[PDB]
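Okay, structure first, notes after.
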Amino acid sequence: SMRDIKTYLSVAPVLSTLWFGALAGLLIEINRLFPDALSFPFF
Amino acid sequence: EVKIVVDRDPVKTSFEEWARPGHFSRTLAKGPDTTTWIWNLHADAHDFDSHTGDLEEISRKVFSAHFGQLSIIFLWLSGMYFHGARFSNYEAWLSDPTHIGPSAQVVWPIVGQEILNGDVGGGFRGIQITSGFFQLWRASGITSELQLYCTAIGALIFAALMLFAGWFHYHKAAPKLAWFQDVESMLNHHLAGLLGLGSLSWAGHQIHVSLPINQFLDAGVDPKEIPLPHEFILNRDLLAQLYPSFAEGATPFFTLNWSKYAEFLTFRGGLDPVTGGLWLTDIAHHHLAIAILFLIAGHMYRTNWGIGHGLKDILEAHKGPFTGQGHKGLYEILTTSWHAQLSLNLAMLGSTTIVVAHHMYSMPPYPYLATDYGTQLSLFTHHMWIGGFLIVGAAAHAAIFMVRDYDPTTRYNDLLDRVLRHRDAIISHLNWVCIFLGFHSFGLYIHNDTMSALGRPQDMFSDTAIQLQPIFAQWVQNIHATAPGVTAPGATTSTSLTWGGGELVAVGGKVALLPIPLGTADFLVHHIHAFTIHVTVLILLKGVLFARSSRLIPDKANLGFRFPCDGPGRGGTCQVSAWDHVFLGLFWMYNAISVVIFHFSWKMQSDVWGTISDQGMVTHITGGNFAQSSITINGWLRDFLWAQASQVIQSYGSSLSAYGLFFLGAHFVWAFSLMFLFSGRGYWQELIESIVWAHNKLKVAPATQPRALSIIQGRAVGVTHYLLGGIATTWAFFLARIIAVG
Amino acid sequence: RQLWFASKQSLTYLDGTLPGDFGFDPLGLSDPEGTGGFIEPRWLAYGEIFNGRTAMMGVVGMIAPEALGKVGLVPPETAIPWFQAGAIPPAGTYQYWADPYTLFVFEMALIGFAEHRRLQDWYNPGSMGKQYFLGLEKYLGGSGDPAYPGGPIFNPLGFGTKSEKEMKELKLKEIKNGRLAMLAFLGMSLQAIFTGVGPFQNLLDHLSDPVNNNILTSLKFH
Amino acid sequence: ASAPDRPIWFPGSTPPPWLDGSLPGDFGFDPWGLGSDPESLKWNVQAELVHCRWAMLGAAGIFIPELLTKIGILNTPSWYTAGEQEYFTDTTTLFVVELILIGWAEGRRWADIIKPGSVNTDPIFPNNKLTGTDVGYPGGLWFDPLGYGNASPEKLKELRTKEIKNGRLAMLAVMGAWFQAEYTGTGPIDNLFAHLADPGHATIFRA
Ligand code: CHL
Ligand code: CLA
Ligand code: CLA
Ligand code: CLA
Ligand code: CLA
Ligand code: CLA
Ligand SMILES: CC1=C[C@H](O)CC(C)(C)[C@H]1/C=C/C(C)=C/C=C/C(C)=C/C=C/C=C(C)/C=C/C=C(C)/C=C/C1=C(C)C[C@H](O)CC1(C)C
Ligand code: SF4
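First to last, the protein sequences are chains J, A, 3 and 2. Under the deposited numbering, the first residue of the first sequence carries the number 10, and numbering increases by one thereafter. Under the deposited numbering, the first residue of the second sequence carries the number 9, and numbering increases by one thereafter. Under the deposited numbering, the first residue of the third sequence carries the number 48, and numbering increases by one thereafter. Under the deposited numbering, the first residue of the fourth sequence carries the number 43, and numbering increases by one thereafter.
Okay, structure coming up:
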């Protein structure tokens with residue numbers, strides 16, 4: 010059921026996998042846009 | 009009778025159980041009180057025997073899980089073929105195998121990792137592979153990327169089929185217990201249907217596809233101009249232009265004129281001088297003869313027509329002259345215990361893998377394999393490791409049988425009882441022989457190191473000093489090298505070039521194989537191998553034989569297969585369980601296999617592999633230093649580890665830097681395991697108490713109470729990280745060395 | 048009742064209750080114990096009958112183009128062996144009105160309608176007479192046996208009415224004329240592989256001079 | 043308004059127990075059980091009713107200009123490239139204005155789904171208001187000037203079913219036009235003439 014599939018998608022390993030995948034994607038895209046940074050130059 | 013009987017709709021397909029972790033266990037289904045629960049959930053997942061005591065349910069679960077494994081394997085093969093078709097230089101490699109390095113993995117350009125796309129040749133940049141897929145694909149007649157795409161798609165469809173079959177044969181139509189216990193019919197089908205027909209179909213493919221394609225390939229024809237595989241089928245003139253025996257069709261097959269087919273059914277032996285591999289016609293005749301052997305074999309057992317040997321009758325008929333029928337009662341044991349079957353099958357498969365590793369280096373079956381040194385080293389080492397692991401698993405599951413299934417009140421066997429009644433004598437004699445071998449093998453190296461350090465080289469054990477020649481091995485070599493002509497008149501050359509008969513095969517200015525000489529160093533290292541193997545046997549056999557009791561713990565079988573100890577009394581009783589014997593055996597297995605692969609690497613680099621000039625002067629990679637330097641420990645330390653580690657430690661800044669990074673990381677993991685191996689859990693629980701106080705101070709103490717790892721889990725984590733670190737260190741060392749210098 | 052290769056286990060469930068029952072189960076696939084999926088006597092009988100019914104017109108339609116062309120009633124361009132009509136592209140082709148593949152989708156739509164509509168009656172009989180189907184739903188009801196639907200649509204002329212044993216005799220005739228057609232199809236499939244000539248043409252060679260027999264056609268040319 | 047004796051998507055099949063022919067356009071089609079829980083059913087109904095109207099607006103403005111251009115009355119360019127042309131201002135500056143203006147209405151609609159009947163009054167002038175009485179079907183001089191939305195519960199259901207089906211057709215038509223433009227390489231109206239010239243070869247298998 011929708012209730013049961015929503016319950017199964019909330020278990021700890023599945024949620025960890027999704028969270029870390031999204032975070033890794035964000036970090037990869039940021040490093041593709043502003044590469045080779047050793048400091049904060051904006052201000 | 010042998011009939012297909014099932015039950016319809018046994019288990020309802022629902023998502024209710026997915027939302028209840030631990031559903032399979034009556035003690036786990038409650039929910040967690042401590043962190044230990046979580047670990048237990050993963051440790052007891054595939055232990056079906058402990059879930060219930062019903063044999064039929066266990067069999068059904070086993071069947072479905074095996075279908076799942078087949079689905080995963082098919083996914084792996086589909087990925088391999090797709091990556092070969094989409095991201096490789098296989099087509100370019102087809103036109104210059106000796107100068108181009110195979111590659112089928114490429115990386116994306118971020119954070120500077122694109123440096124790993126190395127210059128492998130043929131206008132392509134990527135990571136070099138050592139699995140040997142290119143040689144296998146060339147031997148199959150593959151010349152295009154479209155064919156690889158089609159194979160990958162087919163593998164994806166097969167993976168889907170296997171997964172659906174698992175679902176159907178579990179949740180819809182589950183076979184009954186009588187279906188699984190028809191061992192005669194299963195043996196008949198797997199001997200004849202699976203092996204015999206499989207070999208027949210592959211031999212047919214080799215005769216109708218592989219040979220004509222490889223003829224054009226070796227004739228120097230552009231791959232895009234080679235006729236398509238189906239042209240050789242619907243146009244027999246094209247195939248007859250190479251093998252004239254195709255003009256008469258299959259008439260000689262039925263008229264017993266088989267000598268007409270000698271053009272592509274040979275008994276040559278040796279190697280093809282162009283590719284450096286076995287003749288394809290020999291392989292085809294081999295698969296034909298093997299197919300006949302298995303087809304005949306698969307008619308021995310009786311199913312439904314009153315013809316064929318019954319398995320129980322054979323075992324009960326042999327009996328024994330020692331006042332009893334020894335082999336009576338084994339059929340019942342082997343038809344009611346999954347663990348005993350698993351033990352026997354694991355032992356057989358593990359030994360077979362070691363045989364495969366030994367035979368594939370000395371009789372290289374694929375074209376352009378022998379002169380690809382990295383692939384040869386990789387294949388030998390890989391199959392050695394796999395075989396060792398399977399053999400250890402055999403002992404583990406035999407112990408499980410002894411603890412859980414053995415019962416002399418319902419299923420008696422005389423031979424097992426007789427063995428259990430002289431276990432002291434057996435174990436004591438094995439202990440003594442281990443001590444004798446250890447002394448008279450390792451002490452020789454110690455004596456040589458001492459004599460060399462004291463300036464007395466004339467008192468060493470060496471070819472220039474006190475000699476210990478392996479005369480029996482030399483005699484067997486001489487018999488095998490002169491076999492063509494007297495004892496095997498129908499063969500042209502011997503089975504291998506290593507036997508003798510001075511002759512060398514060179515492909516692209518590189519040595520493929522040649523005779524291998526044996527001396528004092530070979531004698532010493534062979535008796536070292538004997539020592540390590542006998543010790544491993546001592547440990548594992550002690551584990552299996554004393555699983556149920558001993559003079560120290562009379563009632564050990566009541567404590568189970570896997571328990572940490574029985575207390576500090578009686579002097580101390582840590583590690584008396586059978587699981588601990590398996591735990592200890594893994595270390596000695598690692599020792600033995602590591603020495604085997606080091607011996608292989610040094611001997612092959614020193615006496616076989618190398619280059620040859622126009623005049624025929626062979627220069628070896630390490631220049632024949634094995635004979636004089638491998639007879640002391642200082643020689644192994646200086647001339648093997650220190651000398652050959654240079655490639656892996658100088659790899660930074662090139663395409664091989666990943667191997668240096670893995671070298672360091674694997675040393676790290678190996679050293680990390682020692683923390684788990686040397687300590688105990690009481691210290692760690694006491695530390696966790698202090699940390700939990702701090703979390704309680706700030707209202708962040710979890711409801712799932714933290715606990716230290718159990719004693720067994722500590723040992724398991726320790727041995728796992730020790731093995732991973734050591735094996736990965738050696739992996740990086742080998743791959744960097746052989747790729748850079750070979 | 049001429050029993051043919053009847054075993055002791057097979058005689059229990061084979062008692063002449065179905066048309067064309069002769070008792071030939073040398074493997075036991077029709078045993079009533081342990082049934083599931085597709086192996087089931089009703090499904091096996093339905094499948095045998097249906098494959099035979101298809102094979103009837105399959106064999107009939109694969110011979111008429113050659114013989115009728117030979118007799119001089121079809122243009123020589125159309126009259127060709129069955130395996131040279133486009134179903135096997137490597138063995139000759141013909142240019143039809145649309146395409147070798149567009150015709151496949153056009154055919155598959157119509158055939159899938161009939162097959163998906165027929166499958167429902169097997170599950171719950173009589174369920175196709177309920178919903179509106181352009182007014183033809185009052186006739187697509189069924190009879191009670193999926194194998195023998197009957198009705199005005201499937202029996203416009205009452206050839207199977209006013210008698211009972213005659214219906215059994217007709218079922219027995221159908222079984223025979225359907226079992227013959229499957230073997231005929233198998234034969235005409237193998238003959239084209241081993242000879243490469245039209246099956247009707249192969250008849251005359253053996254009919255006139257019975258010399259070019261199977262032995263002379265064992266070399267397996269192209 | 044249960045109606046078991048109604049046509050379904052697959053004759054001979056049992057309709058799901060959570061669909062009973064109450065909502066317009068109900069044919070008992072939900073194989074994956076995405077609306078088994080009654081809470082998500084209203085959300086799915088609203089989402090379908092919105093996707094439908096967006097697709098209808100897209101389709102009505104994506105074929106008629108092409109037809110007029112093909113005949114020659116109008117000289118509009120291809121719809122598949124009109125997004126990459128240049129207009130009186132920057133293309134990025136149009137998207138933000140669109141976002142603000144459409145977001146006002148989207149939030150105004152969102153407020154009604156959570157709390158029905160709570161946004162029916164004009165915020166500026168509290169006299170003017172909307173006469174709609176069902177979620178997703180507003181009503182007033184702004185959204186129903188002719189007054190066709192007030193009728194007995196016989197014509198209302200048939201009109202809603204007509205709207206749902208004319209939107210379901212357009213939802214597939216728009217995606218078909220997109221795929222044809224990406225694959226064939228020419229306009230959508232030209233494809234119809236190509237298929238009506240040689241209806242045996244001018245198909246998807248032609249390319
Ligand atoms: C489509 C094939 C086919 C099927 C499903 C059946 C099914 C049946 N036959 Mg029938 N037959 C079929 C073909 C034929 N039968 C016969 C001759 C008979 C006899 C004489 C009898 C039956 C009977 C039966 C019934 C019980 C026997 C049984 O175990 O059935 C389940 C068995 C199967 C499903 C086996 C299916 C095998 C499969 C089609 C082929 C397997 C591989 C082949 C060995 C090799 C094929 C190679 C290719 C190139 C052709 C059952 C309804 C008995 C009965 O009482 O009937 C009322 C009976 O007495 N059959 C002939 C003529 C030679 C056939 C020719 O095609
Ligand atoms: C000639 C018939 C035949 C064949 C070809 C096989 C083949 C296989 N059996 Mg065996 N089996 C047979 C008869 C046969 N069986 C009979 C008669 C019985 C009952 C006594 C059993 C009972 C049995 C059990 C209990 C198990 C097997 C398993 C296996 C697999 C072993 C692993 C392997 O080598 O995979 C090699 C892989 C391949 C060659 C690729 C897959 C190719 C397809 C899938 C082969 C399908 C064979 C099958 C007979 C097809 C029937 C179709 C039909 C029912 C519609 C393998 C797929 C083991 C397994 O893993 O099962 C899943 C297993 O646990 N078999
Ligand atoms: C065909 C092979 C086979 C099969 C079907 C089984 C099946 C079984 N074994 Mg046996 N076993 C095998 C091979 C096999 N074994 C081999 C080769 C060995 C020797 C090493 C053993 C040693 C062994 C022991 C010592 C025990 C079993 C046990 C079991 C049972 C439970 C297993 C479980 O739940 O694991 C669950 C699986 C896990 C918790 C995950 C394990 C992951 C491993 C340790 C590391 C993998 C690392 C990977 C390679 C690299 C990743 C790196 C990356 C993540 C960074 C089950 C009946 C247990 C039992 O209680 O039996 C009654 C038990 O105690 N087996
Ligand atoms: C380098 C490390 C090392 C060494 C030297 C040993 C040595 C030994 N182990 Mg141990 N072991 C080790 C590491 C080591 N182990 C580790 C890390 C583990 C944990 C996994 C184990 C786990 C383990 C198990 C589980 C078992 C052994 C066994 C053995 C014995 C094998 C029998 C043998 O060869 O006797 C011959 C002795 C030697 C080879 C030792 C060297 C002798 C030198 C060369 C000569 C000395 C000359 C002279 C006497 C000098 C006198 C000087 C004077 C001043 C006193 C032996 C005593 C097995 C056993 O007991 O078998 C009977 C056994 O069951 N070990
Ligand atoms: C949600 C959508 C949906 C889906 C996926 C289905 C699916 C299905 N329906 Mg259902 N149906 C639906 C909605 C749906 N229906 C609705 C809303 C109703 C209510 C009116 C019905 C009423 C209905 C009936 C009455 C029947 C079905 C049937 C079927 C089955 C047809 C199987 C087949 O082989 O078709 C084959 C068709 C295709 C694969 C599609 C081909 C499309 C071609 C290319 C269109 C060409 C048009 C052409 C240009 C027109 C002019 C031609 C001229 C020039 C010659 C299938 C299971 C039939 C069935 O089997 O019932 C048991 C059936 O009788 N449905
Ligand atoms: C209802 C919408 C609709 C209509 C009327 C058409 C019509 C047409 N399409 Mg298009 N198409 C559609 C949807 C539609 N398409 C969809 C959803 C897709 C994406 C899967 C495509 C993808 C597509 C491609 C890739 C191509 C066409 C092409 C064509 C033309 C030839 C027919 C053909 O090959 O169809 C192929 C059909 C499909 C790939 C799938 C169609 C699936 C929909 C749902 C069928 C709906 C049928 C409808 C219910 C029938 C009644 C309509 C009613 C107004 C009378 C023709 C003008 C070809 C062309 O340009 O020819 C010149 C061509 O190359 N279509
Ligand atoms: C018309 C046309 C046209 C165009 O031009 C072309 C085309 C398309 C090609 C065509 C078509 C065709 C068709 C459709 C066909 C079909 C066929 C079939 C169905 C067959 C079967 C067929 C079938 C068959 C053979 C079958 C067989 C069977 C058998 C042997 C069986 C046996 C048995 C039995 C009884 C039982 C036991 O226990 C076992 C055994 C002993 C094993
Ligand atoms: S030290 Fe540990 S393993 Fe040894 S007896 Fe004490 S608790 Fe058991």
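Using N, Cα and C, we set each Cβ at its ideal position, and we do this for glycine too.
Residues that residue i bridges to, as DSSP identifies them
{"i": "residue 464 (chain A)", "result": "According to DSSP, residue 464 (chain A) bridges with nothing at all."}
{"i": "residue 179 (chain 2)", "result": "176 (chain 2)"}
{"i": "residue 15 (chain A)", "result": "182 (chain A)"}
{"i": "residue 16 (chain J)", "result": "In DSSP, residue 16 (chain J) forms no bridge with anything."}
Exposed unless 16 or more other CB atoms sit within 10 angstroms - verdict on residue i
{"i": "residue 326 (chain A)", "result": "exposed"}
{"i": "residue 622 (chain A)", "result": "exposed"}
{"i": "residue 1 (chain A)", "result": "Nothing can be reported for residue 1 (chain A), as the shown portion of chain A is limited to 9 through 750."}
{"i": "residue 95 (chain A)", "result": "exposed"}
{"i": "residue 453 (chain A)", "result": "buried"}
{"i": "residue 248 (chain 2)", "result": "exposed"}
{"i": "residue 157 (chain 3)", "result": "exposed"}
Residue i versus residue j - alpha carbon distance
{"i": "residue 200 (chain 3)", "j": "residue 20 (chain J)", "result": "57 Å"}
{"i": "residue 571 (chain A)", "j": "residue 33 (chain A)", "result": "19 Å"}
{"i": "residue 136 (chain A)", "j": "residue 73 (chain A)", "result": "35 Å"}
{"i": "residue 696 (chain A)", "j": "residue 715 (chain A)", "result": "7 Å"}
{"i": "residue 584 (chain A)", "j": "residue 613 (chain A)", "result": "44 Å"}
{"i": "residue 238 (chain 2)", "j": "residue 86 (chain A)", "result": "42 Å"}
{"i": "residue 299 (chain A)", "j": "residue 205 (chain A)", "result": "7 Å"}
{"i": "residue 57 (chain A)", "j": "residue 71 (chain A)", "result": "14 Å"}
{"i": "residue 489 (chain A)", "j": "residue 502 (chain A)", "result": "6 Å"}
Proximity of residue i and residue j at Cβ, strictly below 9 Å
{"i": "residue 173 (chain A)", "j": "residue 68 (chain A)", "result": "no"}
{"i": "residue 285 (chain A)", "j": "residue 373 (chain A)", "result": "yes"}
{"i": "residue 336 (chain A)", "j": "residue 354 (chain A)", "result": "no"}
{"i": "residue 2 (chain A)", "j": "residue 103 (chain A)", "result": "Since the first residue shown for chain A is 9 and the last is 750, residue 2 (chain A) is missing from the structure and cannot be characterised."}
{"i": "residue 677 (chain A)", "j": "residue 732 (chain A)", "result": "yes"}
{"i": "residue 684 (chain A)", "j": "residue 736 (chain A)", "result": "no"}
{"i": "residue 581 (chain A)", "j": "residue 553 (chain A)", "result": "no"}
(message) For a minimum of 4 consecutive residues, which ranges assigned as the alpha helix (DSSP H) are wholly contained in the segment 382–442 of chain A?
(response) Along the segment 382–442 of chain A, the alpha helix (DSSP H) occurs as fully enclosed runs of 4 or more residues at 422–428, listed in sequence order.
(request) Note down, one range per segment and in chain order, each alpha helix (DSSP H) of at least 4 residues found wholly within the segment 553–603 of chain A. (result) none
(message) So within the segment 101–176 of chain A, which uninterrupted beta strand (DSSP E) runs reach at least 3 residues, ignoring any that extend past its ends?
(response) 111–113, 126–129, 132–136
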